[PDB]
């Protein structure tokens, strides 16, 4: 129901993201993508599954938007890694 990775915290029920304790605004589908991956840390998840389970070019665009916001907030200790040809995984850098 809630997940933290260093200064990053995700709160599922309200779909809120915080970095260093302050809310970082995110669309709900973006939160749900970040949560789907972060919930399965170190697991590589395919674009198909992300697309079916969370919801064109929809996945890549939202992965990028997530990455952009985390960069803006200087959160770098974890990341979403591109696994070419297979999908994405949330993991420690």
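Positions refer to the first chain, counted from 1.
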Taking the values exactly as deposited, rank residue 19 by C-alpha B-factor within its chain and report the matching third: lowest, middle or highest. highest
So where's residue 49 on the chain's Cα temperature factor ranking, which third? middle
Third of the chain, ranked by Cα B-factor, where residue 9 sits: middle
Of the three thirds of its chain by CA temperature factor, lowest, middle or highest, which one includes residue 77? highest
Taking the chain's C-alpha temperature factors as the reference, tell me which third residue 43 falls into: lowest, middle or highest. middle
